[PDB]
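Given as structure tokens, the chain that follows is alone and in the form deposited in one PDB entry.
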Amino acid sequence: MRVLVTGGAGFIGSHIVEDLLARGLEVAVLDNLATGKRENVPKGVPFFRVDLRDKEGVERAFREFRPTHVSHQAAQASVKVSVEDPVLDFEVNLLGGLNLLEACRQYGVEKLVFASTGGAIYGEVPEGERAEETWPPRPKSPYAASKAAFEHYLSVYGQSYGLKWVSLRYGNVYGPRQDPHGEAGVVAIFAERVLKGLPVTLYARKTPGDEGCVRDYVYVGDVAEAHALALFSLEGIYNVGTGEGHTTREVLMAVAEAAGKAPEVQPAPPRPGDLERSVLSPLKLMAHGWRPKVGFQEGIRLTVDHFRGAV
């Protein structure tokens, strides 16, 4: 099996590359380094410094590497950026995505595994409930629209052309090598600021001083494992979440514990157009044997250590 990982120089992408290499697979990376780092790509892994919006460059990567499978992690992956720059989000996530699908058809790729988003696709998840894969998309931002739209394209490419596909709707993915810009960016923000002894802003869920918003935090190593399972054996839509929510206050407490510091917390009103609660139903994926191996406290500890370990 020869796997091309778009966005493989990025946070989730680099963990996927390492995971796949440890399963005897030939792996290549396609990445324009917009946010990814050349240093994240292991020695000996073919690296195509290519923008997915450059059809001729995508074609070159396919010709040179000859992938059998494609893992599509490359994206404009900041909700904020998408609201302030919907055209960039569209060009990268849809136009770039489509160039990739067209190369997949041309080269007879056997499966495309897509990084989708549970947080941005499902909308508000009521108390007591967990978003399930049959819930209808309720996109609120351009990022959500481009991800939802790309899933429609995967479905129509499967139906029309026979391209097999899986859409992994990730929860809030955190861990070593993450930046502060993705859906679980708060983990990096808190880790860096708590370590530096800077005040942290705790945005309210509804009232300044409350516990803050609820998300399904899933450790990046556990996401990489779900990705391998998906690649080998799955088709269709699967949530990749723990099925348990944590509040922003709980994240801060875990970061403080791991850093061994008592941070200065400053409450703020809710950030406008942020979800109060998102928790994903993990049942569909867990029926195929996947479970998080790394608990929340342990994962936060591992993330903090990574931020401590720079020079």
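One-based numbering along the sequence shown. Think of the rigid core as the biggest set of C-alphas that the two forms share within 1.5 Å after superposition.
Form deposited in another entry: not shown, discussed below.
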item	value
Conformational change between this form and the one not shown, one of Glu211, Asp85, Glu129, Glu132, C-alpha moving 2 Å or more after core fit	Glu211
Rigid core fit then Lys164 CA moved by 2 Å or more between this form and the one not shown	no
C-alpha of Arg271 moved at least 2 Å between this form and the one not shown on rigid core	yes
Rigid core superposed: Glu183 CA moves 2 Å or more between this form and the one not shown	yes
Closer or farther in the other form: C-alpha pair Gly273, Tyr143 (3 angstroms or more)	closer
Outcome for the Cα pair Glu183, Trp165 in the other form, compared with this form (closer or farther; change of 3 Å or more)	farther
